[PDB]
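Just the one chain here, laid out as structure tokens, in the form deposited in one PDB entry.
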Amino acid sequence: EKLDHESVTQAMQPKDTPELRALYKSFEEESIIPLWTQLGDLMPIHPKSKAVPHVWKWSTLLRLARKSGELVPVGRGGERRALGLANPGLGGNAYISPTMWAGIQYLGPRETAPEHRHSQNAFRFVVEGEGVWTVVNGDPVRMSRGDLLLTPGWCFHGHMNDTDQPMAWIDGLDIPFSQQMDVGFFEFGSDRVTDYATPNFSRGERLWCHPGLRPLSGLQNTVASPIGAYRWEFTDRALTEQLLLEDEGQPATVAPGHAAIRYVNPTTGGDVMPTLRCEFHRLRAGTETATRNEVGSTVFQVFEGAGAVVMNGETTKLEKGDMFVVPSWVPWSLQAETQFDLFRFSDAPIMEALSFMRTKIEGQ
């Protein structure tokens, strides 16, 4: 039980003879690899990701995105002026974790990013800015500060800046999962967006964003949320109410001074998309979360306030827009200096769907 791969007796060490070396040589020629030389690496005691905890500064991401807006035109082929966060441990792949892409995207004055679709699921999140509409299956969706915008797999999407000012946001996708697992399909759509209109609220929201109500034309459940925009207003109100209810001595917050919501598919009560979980957390000044180990990877973006993250015992100070990744089973906690708002995403739906999820919480 307490034994690990370092301390266990190694009882399968063959005698090193010419017959043994010839056996190993013939394994190579036959595309055979023995378990007994490999076991501890293939099957660790607990997860040990090649990805490392890492933090990217928003100020740095903005500088690089802005310079890219100056030097690189957006359009067909390359599709998006998007910069992926590449984990230092992941071999030069544009993967923030083994399952997820997280990237900054920049659309300059009056630019269009052309329409396409792909089996890969996607969302947009906005720490700051306005001006862009993303048109999802023909339905123009305004992008504003604090909004989560969804683009489920196989939905046509294109983006356009309707103003004379640049805008930046983050993209999350299951690109790394999808590449390694061979589930990717892609289709080019129109070179412009199919609708340039700029309504305040999308058709999706107009049908689906009334609490506890479901259109009779929408009684079929969906694999992904039909809500195209989870607007900041509602997120802000939800979190405030939780802290207000806590004041009044009423259950609501997930832990003391820790308000939090999960963005959900309203047809099921489940996650927004099959591979991706999105959450939003608001911590009271002075709140320190209990340290968690969780299977699978998570990424946060600081939306507002000041604080720190601790990963593997290491404290990193965080500011507005900063992004960090916690790989599988890395102990993590957040510490709020001011009231501390963060946007969160993860691959937890994959882990939970396949019964791989485990959680260790300090004090429990």
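Numbers follow the displayed sequence, beginning with 1. For the two forms, the rigid core is made up of the largest set of C-alpha atoms that agree within 1.5 Å on superposition.
Query raised in the report: Looking at the entry, does 281-289 or 265-273 show the higher mean C-alpha B-factor?
Result: Going by the record's values, the stretch with the higher mean is 281-289.
Query raised in the report: For the C-alpha atoms alone, is the average B factor greater in 256-264 or in 108-116, going by the entry?
Result: Higher mean C-alpha B-factor in the PDB entry: 108-116.
Query - Per the PDB entry, maximal CA B factor within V325, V310, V295, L39 - result: Max CA B-factor in the entry, restricted to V325, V310, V295, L39: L39.
Report task. Would you mind finding, among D174, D247, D182, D147, the residue with the largest C-alpha temperature factor in the entry? Result -> So the option with the highest C-alpha B-factor is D247.
Query - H54 - which third its CA temperature factor falls in, relative to the rest of the chain - result: Bottom third by C-alpha B-factor.
Requested in this report: Within this chain's modelled residues, let me know which third the CA B factor of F156 belongs to: lowest, middle or highest.
Outcome: It belongs to the middle third of the chain when residues are ordered by C-alpha B-factor.
**Report entry** Lowest, middle or highest third - CA B-factor, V132
**Finding:** According to the entry, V132 has a C-alpha B-factor in the chain's highest third.
Report task. Divide the modelled residues of the chain into thirds by Cα B-factor and specify which third, lowest, middle or highest, holds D16. Result -> Highest third of the chain for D16's C-alpha B-factor.
Report task. Taking the values exactly as deposited, rank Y196 by C-alpha B-factor within its chain and report the matching third: lowest, middle or highest. Result -> Highest third of the chain for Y196's C-alpha B-factor.
Just so it is clear, the following notes concern the form deposited in another entry, a form of the same protein that is not shown.
Report task. Determine, with the core as the superposition reference, the one member of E288, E79, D236, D162 that shifts its CA by 2 Å or more between the shown form and the other one. Result -> The displaced C-alpha is that of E79.
Query raised in the report: Cα of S190 displaced 2 Å or more between the shown form and the other one, core superposed?
Result: The answer is yes, as the C-alpha of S190 shifts between the shown form and the other one by 2 Å or more after core alignment.
Requested in this report: Please say whether the CA atoms of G78 and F177 come closer or move farther apart in the other entry, knowing the change relative to this form is 3 Å or more.
Outcome: More distant in the other entry, by 3 Å or more.
Query - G77 and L107, C-alpha gap in the other entry relative to this structure (3 Å or more) - result: Those two alpha carbons end up closer in the other entry.
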